[PDB]
Amino acid sequence: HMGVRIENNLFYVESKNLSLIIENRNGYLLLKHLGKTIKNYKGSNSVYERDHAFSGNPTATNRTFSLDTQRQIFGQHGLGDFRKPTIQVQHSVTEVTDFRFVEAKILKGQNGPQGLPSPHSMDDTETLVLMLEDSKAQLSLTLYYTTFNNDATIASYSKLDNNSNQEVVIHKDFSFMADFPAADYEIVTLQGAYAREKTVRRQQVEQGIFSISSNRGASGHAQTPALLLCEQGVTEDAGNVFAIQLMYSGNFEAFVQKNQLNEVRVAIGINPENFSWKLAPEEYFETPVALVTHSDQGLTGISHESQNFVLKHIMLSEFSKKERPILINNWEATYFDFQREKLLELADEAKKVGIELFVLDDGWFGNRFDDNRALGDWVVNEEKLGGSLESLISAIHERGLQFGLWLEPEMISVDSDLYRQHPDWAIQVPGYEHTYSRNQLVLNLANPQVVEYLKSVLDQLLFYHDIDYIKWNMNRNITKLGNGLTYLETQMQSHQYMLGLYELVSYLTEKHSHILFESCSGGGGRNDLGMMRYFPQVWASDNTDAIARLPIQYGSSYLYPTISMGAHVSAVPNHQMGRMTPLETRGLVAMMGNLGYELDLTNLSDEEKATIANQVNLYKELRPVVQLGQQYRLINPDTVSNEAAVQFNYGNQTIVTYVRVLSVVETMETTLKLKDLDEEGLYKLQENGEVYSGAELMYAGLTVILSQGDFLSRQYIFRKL
Amino acid sequence: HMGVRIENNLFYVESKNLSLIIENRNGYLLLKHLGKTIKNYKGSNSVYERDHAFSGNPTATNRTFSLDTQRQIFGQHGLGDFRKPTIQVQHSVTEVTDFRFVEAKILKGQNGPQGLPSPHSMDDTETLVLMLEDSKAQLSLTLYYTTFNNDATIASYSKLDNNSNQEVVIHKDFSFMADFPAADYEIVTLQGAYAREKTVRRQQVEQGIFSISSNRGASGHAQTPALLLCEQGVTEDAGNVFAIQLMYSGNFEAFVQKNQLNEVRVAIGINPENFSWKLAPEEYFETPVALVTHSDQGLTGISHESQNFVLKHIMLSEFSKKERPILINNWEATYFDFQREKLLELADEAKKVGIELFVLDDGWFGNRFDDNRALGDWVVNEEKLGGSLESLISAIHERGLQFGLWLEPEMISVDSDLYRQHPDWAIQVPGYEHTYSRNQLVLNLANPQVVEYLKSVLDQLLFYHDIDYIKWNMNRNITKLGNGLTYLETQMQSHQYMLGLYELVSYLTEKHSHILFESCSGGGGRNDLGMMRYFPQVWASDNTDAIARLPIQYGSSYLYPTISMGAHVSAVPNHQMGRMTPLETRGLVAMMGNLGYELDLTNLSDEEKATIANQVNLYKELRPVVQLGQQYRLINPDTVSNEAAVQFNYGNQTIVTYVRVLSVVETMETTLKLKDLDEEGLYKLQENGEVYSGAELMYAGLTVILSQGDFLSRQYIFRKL
Amino acid sequence: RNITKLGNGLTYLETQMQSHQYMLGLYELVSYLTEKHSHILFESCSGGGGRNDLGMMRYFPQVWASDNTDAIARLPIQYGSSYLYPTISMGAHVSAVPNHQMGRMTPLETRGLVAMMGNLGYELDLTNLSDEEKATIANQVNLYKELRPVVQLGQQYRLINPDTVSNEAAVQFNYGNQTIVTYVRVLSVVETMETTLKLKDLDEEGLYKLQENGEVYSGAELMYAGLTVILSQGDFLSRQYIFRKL
Amino acid sequence: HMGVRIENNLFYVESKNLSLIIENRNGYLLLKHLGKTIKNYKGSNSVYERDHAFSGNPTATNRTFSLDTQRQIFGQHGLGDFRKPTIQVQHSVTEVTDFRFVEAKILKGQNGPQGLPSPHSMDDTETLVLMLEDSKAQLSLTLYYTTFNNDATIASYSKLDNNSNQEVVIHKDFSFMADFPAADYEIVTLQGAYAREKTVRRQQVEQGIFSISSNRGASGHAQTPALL
Ligand SMILES: OC[C@H]1O[C@H](O[C@@H]2[C@@H](O)[C@H](O)O[C@H](CO)[C@@H]2O)[C@H](O)[C@@H](O)[C@H]1O
Ligand SMILES: OC[C@H]1O[C@H](O[C@@H]2[C@@H](O)[C@H](O)O[C@H](CO)[C@@H]2O)[C@H](O)[C@@H](O)[C@H]1O
Ligand SMILES: OC[C@H]1O[C@H](O[C@@H]2[C@@H](O)[C@H](O)O[C@H](CO)[C@@H]2O)[C@H](O)[C@@H](O)[C@H]1O
């Protein structure tokens with residue numbers, strides 16, 4: 001049985017196979033249990049209350065009760081707890097608050113913070129509402145924990161109300177916190193860099209503080225809003241994992257603190273850096289939604305839990321189970337140097353190889369002949385497109401292709417009519433020169449005039465043209481914060497930018513819900529669950545190298561479903577890596593994701609065209625297995641591995657892709673075992689027609705054979721009889 | 001379905017959840033699969049046959065078939081395989097054989113090598129008989145693999161027949177071998193030392209050869225005939241383990257070889273060191289029984305599999321499910337300095353505290369006033385015992401106690417009437433002085449006159465006296481091998497010693513099957529599955545320190561059931577460690593084994609007596625749980641841990657023992673989770689009367705509280721309602 | 001090949017002796033010939049490095065280190081082959097691409113630099129090379145005629161080891177006023193800061209002139225600050241730094 | 001100062017920056033020190049002699065002296081030492097020998113086994129000759145340790161003489177052995193394969209036995225005769 005229960009001084013937040021059990025102790029909220037379902041909880045794992053040196057107390061005479069030593073669900077500074085705080089509010093002469101629990105309510109169904117991405121399909125949920133108050137400060141803090149009946153996830157966020165007669169200022173307000181008992185733990189995060197997104201990092205939890213964060217105004221290439229706290233020795237198949245994630249695309253922080261007693265605090269939320277929030281009397285602030293997800297089936301377990309939750313409750317329903325079009329994108333193919341004839345020729349060749357969607361990338365607007373001007377000027381360059389965008393689109397439609405278009409709405413060039421008309425719309429500081437990045441500036445989406453302008457321009461573009469797909473780019477990070485009329489308004493502008501962004505994209509994606517929106521930020525610079533609420537796929541990386549893509553796809557699909565993960569067959573030598581890779585391998589690597597093509601098909605040989613046509617026919621068949629099926633990692637492409645292998649199951653279909661990076665010699669062949677088959681099932685391998693029991697494939701496995709050479713790959717395809 | 005099947009050129013050896021699948025390829029036997037059950041095996045994991053440099057071939061023209069690169073079940077040297085061989089026979093001018101498979105048979109039921117310890121309760125077994133021949137040498141080698149319907153174990157051994165007209169000499173003859181595919185593996189072994197027996201060692205498999213062995217004539221304190229080949233990252237709860245073990249108590253070797261291709265060979269058998277075996281025409285040789293055991297449930301899984309197999313098919317049925325008597329042993333209590341009055345006084349005190357069996361240790365025979373004489377002279381010292389042994393035994397029986405007696409039959413003192421009468425009975429080399437050890441010598445049990453003498457003397461002792469229990473000691477290792485009439489007979493004498501030992505002990509244990517025989521060799525110097533075939537318990541270690549016992553019991557019960565594992569509450573300061581430990585902790589540690597007492601009860605305070613009486617009452621209750629129940633390790637006492645914890649389940653009873661070695665300060669309490677409970681079960685904790693769901697105990701766990709101090713312990717006792 | 005089927009003795013014991021007696025026979029043979037013909041340079045070989053030990057190096061002052069002539073596969077091979085044995089012993093040949101063992105394309109420049117960390121030779125059909133490839137080889141030969149004393153007679157310092165996990169190799173040689181450093185990167189990288197490569201065993205106060213840029217660095221700078229190693233995008237790229245002490 | 005010195009019951013084998021210091025204790029040879037040069041060695045790192053369980057003794061009454069627990073320069077089986085032996089000779093009905101030190105000599109200059117590759121340029125070397133005998137077996141084993149004045153290396157080999165009236169058979173005869181004190185150690189070896197020769201392997205020393213070997217009649221692609 002699932003939902004929320006209030007029983008004496010215990011609160012039970014009960015998702016499928018995941019419970020949070022909280023105790024109200026004289027107004028303080030204690031974390032009793034987070035993990036597998038327990039009913040009729042007694043307190044076997046309660047904190048033993050004793051006098052801990054230098055851990056102080058709310059009363060003079062009781063030295064054994066201390067907020068320094070109790071496990072909690074939110075953290076304050078100044079009451080005796082010295083662990084990192086998650087709520088900190090300035091009021092009058094202090095930033096000490098003392099919020100005490102006053103009352104609990106339970107909601108059913110749809111619920112979430114206004115103006116921020118939050119779960120959908122909530123009919124079968126309940127929400128615990130914990131109302132806290134600081135009577136002296138006249139502030140309310142309300143905590144929300146939501147259950148899901150079909151996933152081992154709990155969602156959380158908070159609302160702070162200013163009920164005083166004076167302005168107060170929020171300095172810290174995280175979205176989730178948990179104190180976990182002293183034990184050995186490891187943490188897994190996704191970090192990396194541009195052209196190396198979502199690098200899987202694992203390390204031991206150590207005394208002190210570990211954190212990942214972005215202060216870039218976007219979640220960023222080099223850190224994802226995720227942190228997995230794992231049982232010592234977790235594997236792909238076994239051990240406990242708790243994943244905490246944030247539905248937010250701006251500045252965030254995730255941290256793990258191991259304190260003097262060996263206790264462990266984890267939290268995720270808006271980054272304190274670049275953040276303050278003024279609340280006038282009666283104003284309130286709601287934090288982005290955090291998620292806590294649990295598996296006892298190791299890292300594959302947490303992958304499945306997280307992917308499932310995303311598919312059912314974050315990604316748009318219109319697209320979450322919809323096969324995505326195999327596209328051609330002209331960017332690597334032509335860069336800025338294209339015109340109508342070139343486009344239609346590429347379109348002709350795309351149609352012959354059976355590509356479904358044609359995406360016109362950067363350079364169709366203003367005088368965008370390079371990347372030094374024109375952002376902000378969303379006017380069609382009819383000279384370059386050889387007529388109206390309407391006529392181009394009709395040409396593409398008549399060739400039997402869907403039509404897609406690149407935008408970069410959040411940005412403005414100095415050399416643009418937009419900047420000439422409104423220089424103050426850029427994020428900037430009075431009396432400081434601009435800081436430049438790709439020779440462009442960032443629009444101040446905290447400015448409601450900026451949001452109104454973008455709604456208007458883009459609504460016009462989408463209503464007047466038959467566009468099937470949008471690629472929404474964002475190509476630099478935020479510098480030079482100083483657009484407020486006061487310091488405090490500037491401290492607010494990075495979050496207000498996000499609120500402006502989400503108002504913009506929720507509006508457009510809702511008003512034009514037939515269009516497939518793909519998010520992008522120089523590839524994976526903003527690939528988070530805030531964006532995935534509105535954009536059901538993402539350009540995972542500008543790195544289109546088949547081999548460099550292996551660790552990238554490993555990370556990009558670790559917590560996020562494969563269907564989200566844009567991957568394109570590109571030209572050789574690869575433009576990022578300077579590498580030759582077999583076209584077969586480029587195909588197989590991209591087919592572990594959401595397949596498209598990005599190279600000049602008009603300059604291919606007849607053979608290369610035929611190969612691509614064969615790849616497209618293959619993927620039309622594999623697409624449901626890849627995009628709708630269950631993913632199992634078999635060999636991980638980490639920093640030391642010479643191999644990658646990934647399996648997908650979907651009904652009677654099982655496929656396995658294998659890649660080897662460097663050629664080897666006098667080395668026994670790898671034995672590759674499949675997972676999650678029917679032991680008694682009979683599995684027919686397409687290439688040799690042999691029929692194997694599931695037991696054989698899982699417990700004996702495949703001897704993997706390759707010729708001599710680098711970057712070779714192969715695919716095994718099975719049908720269950 | 002289980003048993004043996006022969007299907008075309010495949011042989012299926014099918015135990016419960018464990019299969020060995022062998023292929024006959026033109027007379028060569030290939031290991032196709034060892035692991036979880038596969039029916040209708042096709043060969044997904046077959047070796048890919050290619051030309052490997054310097055890996056030679058049986059024929060001129062086929063460079064891709066090589067015994068250097070095929071996975072096999074026995075190993076020869078000289079045919080192209082360069083991995084370590086497991087069969088090597090000298091005949092004429094060579095020790096090259098080439099045994100080729102000729103014929104297979106299947107047996108049902110009881111089967112095993114003559115004169116060597118082998119499984120019992122075999123009604124539901126089948127045995128594959130693989131008959132190989134070397135036609136040139138006129139030798140037969142026959143391989144036996146036996147299935148068990150109720151355990152994931154396969155047993156193996158071999159018989160070599162000399163069908164030639166000339167003497168041949170066996171140089172190597174192991175009992176089991178398997179070639180496992182290249183992969184990452186770890187190995188677990190039990191090593192250690194005297195007073196540190198069965199230390200659990202884990203390490204990575206590396207290129208080259210790793211081995212443990214004994215050349216001591218006994219398996220030894222410092223290595224156990226066991227080797228666990230484990231999937232990388234195995235834990236207590238997860239991953240694959242293959243345990244290979246030998247039912248033999250003499251010289252053995254276990255090795256793991258990782259070759260040039262990254263392939264891995266494991267084998268166990270009689271040590272080549274100190275071994276050669278002459279076979280005259282028509283003679284044969286059978287190897288000891290090896291066992292291969294499998295779990296996919298990690299190290300606890302392999303513990304359970306191995307323990308179960310031992311309980312049901314090795315340990316005597318008369319005792320394997322029989323609760324063992326709580327004993328008093330006088331050794332640490334008095335050493336050699338005792339007489340009748342002292343003994344009966346100790347007996348009186350043992351009876352008052354509710355002890356069940358009284359064991360008279362060393363010093364009752366000949367003029368054994370110290371450890372410098374009398375071994376060999378099994379004549380009762382009636383002066384010291386104040387009358388006949390018959391009268392002493394009656395005195396003990398009348399006090400309501402069973403009676404036990406120490407023997408050391410395999411040994412002889414220079415200062416003894418035995419040595420004076422028969423100096424040639426000692427193991428020795430003509431013209432060399434003796435090597436001494438504890439100032440004694442080893443009898444040559446390869447001498448049939450020696451075996452006859454010991455049968456006679458001991459049969460006399462046991463038939464003329466009402467003895468309930470025997471402690472069978474063996475206190476030095478074998479030096480100075482030179483009793484043969486030829487070099488070859490000397491090379492045979494270490495194995496013949498074992499055959500003599502097993503003839504002796506199988507005879508006596510069978511003719512006197514009501515007596516409980518406990519094996520001993522300065523504690524755990526010979527604690528192996530050869531001895532456990534006849535002796536259902538073993539003195540695990542002379543180290544009776546509660547704290548030093550923790551790693552010892554960890555290892556001693558790792559593959560062997562707890563019921564086997566003698567453990568005694570002894571005096572403080574401890575005689576080996578020089579350590580004070582709480583009597584409570586001495587009790588709890590010994591109650592994780594087969595409980596007895598070994599200290600001078602006549603010199604205890606009234607309080608200490610009362611404590612012991614309480615310990616005895618407690619264990620009478622825990623004994624079935626401990627001895628008959630299922631063991632779960634919760635925290636392991638390894639080289640770095642400050643803690644030990646072990647759980648036992650038995651029907652509605654669950655107990656957990658916790659020990660902390662060093663006092664800690666300002667350190668959060670450990671959280672201890674129980675295993676293998678009913679999630680919905682209700683578990684009532686005796687000490688506080690609180691009732692916890694199994695889910696709470698398994699997923700939240702117990703906060704473990706202790707006072708300040710070293711070597712503290714506690715016990716949690718639960719009844720399921 | 002290796003030895004199988006031991007059974008040439010008139011008794012079992014003579015057969016047990018025959019593997020050692022084989023060696024005694026071999027050593028009698030090779031000590032005789034190498035002594036009677038001591039002007040000849042004898043290079044030992046056994047499908048490359050099948051018998052590369054100090055028994056053989058007593059008579060054969062160089063050895064064919066490996067049949068694997070792949071520039072990249074050669075990195076761990078040379079690491080081991082020169083670990084206890086001097087570089088002068090260690091035969092290394094520039095061979096054709098794609099490499100015959102690995103099936104790999106590697107730059108001719110890298111094939112040259114890797115082989116020049118050993119005892120340089122060539123093993124490919126020079127008659128089927130382009131004019132350019134011939135010229136490159138002629139330049140490699142001129143370079144090594146100069147480096148040969150440094151490599152073969154100088155002191156070797158490993159700076160970055162090509163082990164199972166490293167993406168890099170670097171080896172330095174010092175010989176009087178000459179110091180050279182060879183650097184190889186196996187896989188192309190992106191958005192990764194350049195490696196800092198510090199030299200060893202220089203005079204702190206010595207002045208070291210780098211041939212490629214003419215800049216003069218103190219030994220302290222080269223040892224304690226080190227070189228920022230720059231490469232283009234691509235696999236199996238290499239470079240060489242050459243210094244003269246003034 | 002380098003070369004070989006015999007001082008009371010100590011033997012000093014002194015290469016440049018490397019010494020082997022051996023003690024004759026009633027005919028048994030004990031490894032006192034192998035490492036950096038020590039003159040006037042006193043025995044700070046001597047084995048503490050105590051009764052170790054199941055470690056037996058050459059005499060009845062002294063339980064603290066055991067070849068199972070003494071650090072040695074050659075290993076025998078059957079006298080109480082259970083570590084792997086490096087000399088094992090069959091004679092008559094046994095392969096137990098008991099070689100006891102009898103006499104030491106010092107050579108200067110060129111020296112080595114006949115018919116086997118051995119160092120050259122030996123003008124500035126000295127060789128310690130340790131003559132051992134088994135009087136019952138009538139066998140001689142002679143150990144040679146050679147110094148080099150210009151390198152931190154010592155060379156070794158042995159000669160076994162059959163002085164009996166019967167055929168004997170050598171089963172094991174290694175060229176060098178050292179017992180090192182309990183401590184944490186790693187080992188480096190060169191292994192690999194054809195087309196992957198001399199792969200550098202490093203690992204922790206663990207309880208039990210680790211070995212590399214060739215049974216191929218050549219040292220082989222996959223292991224080099226070296227251990228660090
Ligand atoms: O401008 C079109 C382009 O935008 C984004 O990526 C670019 C990248 O291709 C270029 O070479 O560098 C800059 C950074 O300096 C950007 O990251 C899109 O991700 C890309 O797909 C393309 O649409
Ligand atoms: O002699 C009786 C005694 O035999 C075995 O152990 C002894 C040990 O107590 C003594 O102190 O040392 C020697 C070794 O030098 C033996 O190991 C039994 O194991 C012991 O229980 C006792 O019965
Ligand atoms: O036969 C000439 C050849 O001999 C040795 O190597 C060969 C190798 O080239 C060949 O391809 O394979 C076999 C093994 O099956 C040998 O290893 C020399 O090492 C080589 O240089 C060449 O001289």
# chains A, B, ... in the order shown; residues from 1 in each chain; ligands from 1
$ residues_near_ligand --ligand "ligand 2" --cutoff "6 Å" --atoms "only C-alpha atoms and all ligand atoms" --output "list in words"
residues 331, 361, 362, 438, 475, 520, 521, 522, 523 and 542 of chain B; 53 of chain D
$ interface_residues --of "chain D" --to "chain C" --cutoff "8 Å" --atoms "only C-alpha atoms" --output "MDAnalysis selection string"
chainID D and resid 115:119 190 194:200 216:222 224:225
$ residues_around --residues "residue A:23" --least-positions-apart "2" --cutoff "6 Å" --atoms "only C-alpha atoms" --output "ChimeraX atom specification"
/A:9-10,29-30
$ write_last_selection --atoms "C-alpha atoms" --output "JSON list (two decimals), in the first residue's frame"
[["chain", "number", "residue", "atom", "x", "y", "z"],
["A", 9, "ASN", "CA", 4.35, 11.27, 15.55],
["A", 10, "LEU", "CA", 5.55, 9.39, 12.45],
["A", 29, "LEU", "CA", 11.79, 16.66, 12.18],
["A", 30, "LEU", "CA", 14.05, 13.58, 12.34]]
$ residues_around --residues "stretch 339-352 of chain A" --least-positions-apart "6" --cutoff "10 Å" --atoms "only C-alpha atoms" --output "PyMOL selection string"
chain A and resi 326-330+333+358-360+363-364+382-387+392+395-397+399-401+597+599-604+609-610+612-613
$ write_last_selection --atoms "N, CA and C atoms" --output "mmCIF file, in the first residue's frame"
data_model
loop_
_atom_site.group_PDB
_atom_site.id
_atom_site.type_symbol
_atom_site.label_atom_id
_atom_site.label_comp_id
_atom_site.auth_asym_id
_atom_site.auth_seq_id
_atom_site.Cartn_x
_atom_site.Cartn_y
_atom_site.Cartn_z
ATOM 1 N N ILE A 326 14.522 9.584 -37.909
ATOM 2 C CA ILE A 326 15.911 9.575 -38.336
ATOM 3 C C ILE A 326 16.134 10.840 -39.156
ATOM 4 N N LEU A 327 17.074 11.673 -38.700
ATOM 5 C CA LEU A 327 17.208 12.990 -39.308
ATOM 6 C C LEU A 327 18.533 13.122 -40.069
ATOM 7 N N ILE A 328 18.597 14.141 -40.928
ATOM 8 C CA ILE A 328 19.829 14.692 -41.458
ATOM 9 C C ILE A 328 19.907 16.113 -40.939
ATOM 10 N N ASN A 329 21.094 16.485 -40.467
ATOM 11 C CA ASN A 329 21.363 17.837 -40.033
ATOM 12 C C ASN A 329 22.560 18.309 -40.852
ATOM 13 N N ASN A 330 22.507 19.539 -41.377
ATOM 14 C CA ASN A 330 23.526 20.004 -42.312
ATOM 15 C C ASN A 330 24.744 20.664 -41.650
ATOM 16 N N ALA A 333 27.964 19.229 -42.123
ATOM 17 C CA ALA A 333 27.962 18.985 -43.553
ATOM 18 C C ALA A 333 28.398 20.241 -44.310
ATOM 19 N N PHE A 358 14.496 16.474 -42.142
ATOM 20 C CA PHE A 358 15.588 17.311 -42.614
ATOM 21 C C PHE A 358 15.669 18.548 -41.721
ATOM 22 N N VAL A 359 16.820 18.728 -41.062
ATOM 23 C CA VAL A 359 17.020 19.819 -40.117
ATOM 24 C C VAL A 359 17.977 20.827 -40.748
ATOM 25 N N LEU A 360 17.470 22.055 -40.915
ATOM 26 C CA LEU A 360 18.241 23.224 -41.294
ATOM 27 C C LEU A 360 18.852 23.855 -40.043
ATOM 28 N N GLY A 363 22.576 29.541 -39.481
ATOM 29 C CA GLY A 363 22.978 30.343 -40.629
ATOM 30 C C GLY A 363 21.845 30.744 -41.579
ATOM 31 N N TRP A 364 20.575 30.476 -41.235
ATOM 32 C CA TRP A 364 19.464 30.767 -42.141
ATOM 33 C C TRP A 364 18.838 32.148 -41.891
ATOM 34 N N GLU A 382 16.104 35.355 -47.069
ATOM 35 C CA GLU A 382 15.442 34.800 -48.242
ATOM 36 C C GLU A 382 16.412 34.729 -49.417
ATOM 37 N N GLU A 383 17.413 35.615 -49.436
ATOM 38 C CA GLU A 383 18.446 35.534 -50.449
ATOM 39 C C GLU A 383 19.143 34.178 -50.333
ATOM 40 N N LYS A 384 19.570 33.830 -49.112
ATOM 41 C CA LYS A 384 20.345 32.616 -48.906
ATOM 42 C C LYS A 384 19.472 31.386 -49.132
ATOM 43 N N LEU A 385 18.209 31.431 -48.671
ATOM 44 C CA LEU A 385 17.321 30.284 -48.825
ATOM 45 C C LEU A 385 16.662 30.280 -50.211
ATOM 46 N N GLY A 386 17.010 31.265 -51.062
ATOM 47 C CA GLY A 386 16.510 31.323 -52.433
ATOM 48 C C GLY A 386 14.987 31.470 -52.490
ATOM 49 N N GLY A 387 14.421 32.244 -51.553
ATOM 50 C CA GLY A 387 12.987 32.486 -51.461
ATOM 51 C C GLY A 387 12.536 32.412 -50.003
ATOM 52 N N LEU A 392 10.855 26.996 -49.106
ATOM 53 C CA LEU A 392 11.816 25.959 -48.744
ATOM 54 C C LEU A 392 11.127 24.784 -48.055
ATOM 55 N N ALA A 395 9.189 22.658 -50.430
ATOM 56 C CA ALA A 395 10.124 21.854 -51.209
ATOM 57 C C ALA A 395 10.552 20.596 -50.437
ATOM 58 N N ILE A 396 10.818 20.753 -49.134
ATOM 59 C CA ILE A 396 11.285 19.657 -48.303
ATOM 60 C C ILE A 396 10.131 18.673 -48.100
ATOM 61 N N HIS A 397 8.939 19.184 -47.742
ATOM 62 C CA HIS A 397 7.763 18.347 -47.560
ATOM 63 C C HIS A 397 7.473 17.533 -48.827
ATOM 64 N N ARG A 399 9.482 16.511 -51.025
ATOM 65 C CA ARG A 399 10.461 15.447 -51.190
ATOM 66 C C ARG A 399 10.193 14.333 -50.180
ATOM 67 N N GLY A 400 9.135 14.490 -49.377
ATOM 68 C CA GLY A 400 8.706 13.451 -48.453
ATOM 69 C C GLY A 400 9.435 13.506 -47.107
ATOM 70 N N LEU A 401 9.994 14.676 -46.738
ATOM 71 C CA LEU A 401 10.755 14.790 -45.501
ATOM 72 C C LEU A 401 10.054 15.747 -44.547
ATOM 73 N N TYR A 597 21.908 11.702 -38.892
ATOM 74 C CA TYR A 597 23.047 11.786 -39.797
ATOM 75 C C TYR A 597 23.444 13.245 -39.902
ATOM 76 N N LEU A 599 26.453 14.744 -42.167
ATOM 77 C CA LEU A 599 27.584 14.815 -43.077
ATOM 78 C C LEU A 599 27.036 15.134 -44.466
ATOM 79 N N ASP A 600 27.919 15.495 -45.394
ATOM 80 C CA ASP A 600 27.450 15.928 -46.700
ATOM 81 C C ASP A 600 27.168 14.712 -47.579
ATOM 82 N N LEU A 601 25.916 14.231 -47.581
ATOM 83 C CA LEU A 601 25.562 13.040 -48.337
ATOM 84 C C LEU A 601 25.809 13.227 -49.834
ATOM 85 N N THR A 602 25.872 14.484 -50.306
ATOM 86 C CA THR A 602 26.049 14.716 -51.738
ATOM 87 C C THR A 602 27.484 14.417 -52.173
ATOM 88 N N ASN A 603 28.438 14.338 -51.228
ATOM 89 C CA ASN A 603 29.823 14.057 -51.583
ATOM 90 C C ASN A 603 30.223 12.630 -51.242
ATOM 91 N N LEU A 604 29.262 11.751 -50.974
ATOM 92 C CA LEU A 604 29.606 10.368 -50.683
ATOM 93 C C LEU A 604 29.711 9.577 -51.985
ATOM 94 N N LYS A 609 26.729 5.766 -49.801
ATOM 95 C CA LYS A 609 25.292 5.993 -49.865
ATOM 96 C C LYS A 609 24.537 4.686 -49.596
ATOM 97 N N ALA A 610 24.924 3.607 -50.297
ATOM 98 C CA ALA A 610 24.278 2.310 -50.104
ATOM 99 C C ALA A 610 24.419 1.843 -48.652
ATOM 100 N N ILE A 612 24.726 3.652 -46.014
ATOM 101 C CA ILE A 612 23.866 4.462 -45.177
ATOM 102 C C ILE A 612 22.414 4.001 -45.320
ATOM 103 N N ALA A 613 21.975 3.734 -46.569
ATOM 104 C CA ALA A 613 20.630 3.225 -46.830
ATOM 105 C C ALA A 613 20.397 1.919 -46.071
#
$ closest_atom_pairs --of "chain B" --to "ligand 3" --cutoff "12 Å" --atoms "only C-alpha atoms and all ligand atoms" --output "CSV"
residue,atom,partner,partner_atom_place_in_ligand_line,distance
B:50,CA,ligand 3,15 (O),11.2
B:51,CA,ligand 3,15 (O),7.4
B:52,CA,ligand 3,15 (O),7.1
B:53,CA,ligand 3,15 (O),4.6
B:54,CA,ligand 3,15 (O),6.2
B:55,CA,ligand 3,15 (O),8.4
B:56,CA,ligand 3,15 (O),9.2
B:57,CA,ligand 3,15 (O),11.6
B:63,CA,ligand 3,15 (O),8.8
B:64,CA,ligand 3,15 (O),10.8
$ closest_residue --among "A:324, A:36, A:620, A:720" --to "chain B" --atoms "only C-alpha atoms"
A:36
$ closest_atom_pairs --of "chain B" --to "chain C" --cutoff "12 Å" --atoms "only C-alpha atoms" --output "CSV"
residue,atom,partner,partner_atom,distance
B:52,CA,C:1,CA,11.5
B:53,CA,C:47,CA,8.1
B:54,CA,C:1,CA,5.3
B:55,CA,C:1,CA,8.2
B:56,CA,C:1,CA,7.9
B:57,CA,C:4,CA,10.1
B:58,CA,C:4,CA,10.7
B:67,CA,C:4,CA,11.8
B:68,CA,C:2,CA,11.5
B:76,CA,C:4,CA,11.1
B:77,CA,C:4,CA,8.0
B:78,CA,C:4,CA,4.6
B:79,CA,C:4,CA,6.1
B:80,CA,C:4,CA,6.3
B:81,CA,C:4,CA,9.0
B:82,CA,C:4,CA,9.2
B:89,CA,C:12,CA,11.1
B:90,CA,C:12,CA,7.4
B:91,CA,C:12,CA,7.7
B:92,CA,C:12,CA,6.4
B:93,CA,C:12,CA,4.0
B:94,CA,C:7,CA,4.9
B:95,CA,C:12,CA,7.7
B:96,CA,C:5,CA,6.5
B:97,CA,C:5,CA,9.2
B:98,CA,C:5,CA,10.2
B:168,CA,C:12,CA,10.7
B:169,CA,C:12,CA,10.7
